[PDB]
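Listed next as structure tokens is one chain, alone, in the form deposited in one PDB entry.
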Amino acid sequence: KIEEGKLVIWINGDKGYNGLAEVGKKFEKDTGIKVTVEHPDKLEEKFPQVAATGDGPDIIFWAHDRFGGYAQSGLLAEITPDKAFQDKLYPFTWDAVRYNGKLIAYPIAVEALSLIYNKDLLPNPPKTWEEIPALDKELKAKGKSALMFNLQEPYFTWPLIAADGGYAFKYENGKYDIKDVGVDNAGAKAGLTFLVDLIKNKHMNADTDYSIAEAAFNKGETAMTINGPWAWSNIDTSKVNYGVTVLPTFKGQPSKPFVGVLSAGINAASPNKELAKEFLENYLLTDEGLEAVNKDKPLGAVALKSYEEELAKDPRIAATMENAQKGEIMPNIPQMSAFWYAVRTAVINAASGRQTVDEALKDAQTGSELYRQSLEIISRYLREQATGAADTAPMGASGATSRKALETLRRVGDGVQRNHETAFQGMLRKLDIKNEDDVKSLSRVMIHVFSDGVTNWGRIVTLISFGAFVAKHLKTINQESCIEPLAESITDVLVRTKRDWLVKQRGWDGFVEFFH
């Protein structure tokens, strides 16, 4: 479906897309291949939908956090640069784009938020978040405000939520404990409560978004903002005497921004993969290519060592790296999209007063844990049904919920398979499942049948029960390796299509209560 002999690129509208188009024109001059750069709204949400049907751009740019989910869905081509090329970029940038041992994108630049301040209003920035209410009172008396930043995207509030101990997925001993989510701990509550109190005390407004905060800072109305390197170009045009510095501390601890590596992935459905690799390696990831993008909107600390050696001399880049070192590189696990949606809703609801901080972060914790919790129950049920023996591994975090949900699923799911054996057997025979490809075909039908019907626990149990019925068949035909992917497929469609309803039921605790 993607046209051969051209390149279509998607990049966010806050990045240097006109500079990127200049690199595309240089590519066309040599090869005669036209390069079209687009910046659609919500491109990070559109890409997984359109690429799943074989459509979409040839190349997608986004921070690396979204790319593990795309790679898990088979939407990205593996990238295999030679050693000479790999050595030109910092190794930690390649680490950001590695998923299941394979490189799935080219790293471009390292982005971290910093505190940006107007030196003409505030010659010295505040070192702590705690002093911002008094600074706002002093500035309000002269017709100014202390701080405005985007409150609609959780990326900007995360540094404050993480400062006193909030975390997305625990990281210790060089590994993630994906079962350990920290969005509703005391640290996360303290940071979000601080933000909500700034709004309650009229130091900030819940409706402030990217455009509003940018306009206020660039017009000299607010003394400070929180933003990344891409914002510096518009501040330069405004002529505000600005500085870029370390984010304020909270409870004496540094603010911890989630660090993104802007990366370029190649669509697995592209018939232009070799053209895309040539464009990215030999035109974009060069001093001249990155300089073209950087001159339109600054990239941050670029992954290309030769160019970064020059950019690192800029005090704004040193401040960006200082904030990056105090924060953490984002995970790229497929559940990052769910974590971001959950925290986005939590911040918006707490800031507006729709939910208290406790209610908001409890829902965010449920939403963030949903995939792993659902897979634990569904995988265990399918495998024990297929083999006749249960998994001996400990349940882990939220073990009581997992154990009680599995006990409930055994009672209700066994009843579904018993009573509906006729239709289940008839469907299993019509599907003629013999291998991995037949399981993938079953999964596509399963998605639309499940999604279009009514949302209730009885239909959710039927979906999972049919999965167990298929798992028994897979065991019989020596295709036991197909059971875990089937469990992942069932988990995917459940948590993706029914996300809001599942969170509203308190997840699997609601299921246990419903069938008590």
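Note that residue numbering begins at 1 and tracks the sequence as displayed.
There is another form of the same protein, the form deposited in another entry; it is not shown, and what comes next is about it.
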property: Rigid-body partner check between this form and the one not shown: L406, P248; result: no
property: Distance direction in the other form for the C-alpha atoms of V343 and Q505, relative to the displayed form (3 angstroms or more); result: farther
property: Cα-Cα trend for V503 and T157, given that in the other form the distance shifts by 3 Å or more; result: farther
